[PDB]
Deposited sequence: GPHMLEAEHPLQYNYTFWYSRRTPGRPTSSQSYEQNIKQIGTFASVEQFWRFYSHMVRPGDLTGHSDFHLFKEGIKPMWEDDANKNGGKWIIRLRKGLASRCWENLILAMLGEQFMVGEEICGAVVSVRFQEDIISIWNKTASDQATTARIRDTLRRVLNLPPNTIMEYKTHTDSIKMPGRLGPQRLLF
């Protein structure tokens, strides 16, 4: 008999314009159903162009507008090339294995393949829950065996929105 997961999770894929697809692949409820998907998915390190894998609990959409994310945030580590695949694996094994210890605060994880770097992130539900964000931080270090003095960033989703006075740099 299969070993259930505390939550059902859903894989999503997206390929940016070189147009966020964010089409969902499938959903799984056990460790065995997970390996059936992941074993037949290309490693993020081998993806060409600007692609993303999203692994979120069933019911949470990989977007800040979702009810579980609009008040949330994500820890972010920007990696050199050649490491995302193993980190991505360790990250999701910890998430699915309930190794983070923050109740229902986790929402999902993302690995984003880019030109000269890769970004992996883990999202949580409420950004003001410092107890939760700090605990997720330390767990990230341990599960990914980050060397000392690694750079990480926590961003609140609301602060990533572009709006008048906060449009960022733009052409003229």
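Student: Comparing the deposited sequence against the modelled residues, what ranges come up empty for C-alpha?
Tutor: Model skips 1-6, 25-33, 188-189 of the deposited chain.
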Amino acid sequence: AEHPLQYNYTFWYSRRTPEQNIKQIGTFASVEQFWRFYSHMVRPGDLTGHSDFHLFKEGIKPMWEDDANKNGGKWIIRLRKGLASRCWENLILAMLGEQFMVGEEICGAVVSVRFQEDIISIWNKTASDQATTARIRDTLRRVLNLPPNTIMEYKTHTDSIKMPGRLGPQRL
From here on, numbers count along this sequence of modelled residues.
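Basically, rigid core = biggest C-alpha set you can superpose within 1.5 Å across the two forms.
Student: Core fit done; bigger CA RMS in 6 other deposited structures of this protein for 108-116 or for 138-146?
Tutor: Comparing 108-116 with 138-146, the larger C-alpha deviation in 6 other deposited structures of this protein belongs to 138-146.
Student: When the other structures of this protein are compared, and only where the residues around it are present, is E19 absent from a third or more of them?
Tutor: Yes, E19 lacks coordinates in at least a third of the other compared entries.
Student: State whether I151, though modelled here, is left unmodelled in a third or more of the other entries compared.
Tutor: Result for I151: never missing in the compared entries.
Student: So 115-123 or 35-43, which one's hotter by mean CA B-factor in the entry?
Tutor: So the stretch with the higher mean C-alpha B-factor is 35-43.
Student: Mean C-alpha B factor from the entry: is it higher for 65-73 or for 132-140?
Tutor: Per the PDB record, 65-73.
Student: Determine, from the deposited record, the chain-internal third of the Cα B-factor for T10: lowest, middle or highest.
Tutor: For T10, the deposited C-alpha B-factor lands in the middle third.
Student: Ranked by Cα temperature factor within the chain, is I151 in the lowest third, the middle third or the highest third?
Tutor: Bottom third by C-alpha B-factor.
Student: Ranked by Cα temperature factor within the chain, is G49 in the lowest third, the middle third or the highest third?
Tutor: For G49, the deposited C-alpha B-factor lands in the highest third.
Student: C-alpha B factor of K81, ranked within the chain: lowest, middle or highest third?
Tutor: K81: CA B-factor falls in the lowest third of its chain.
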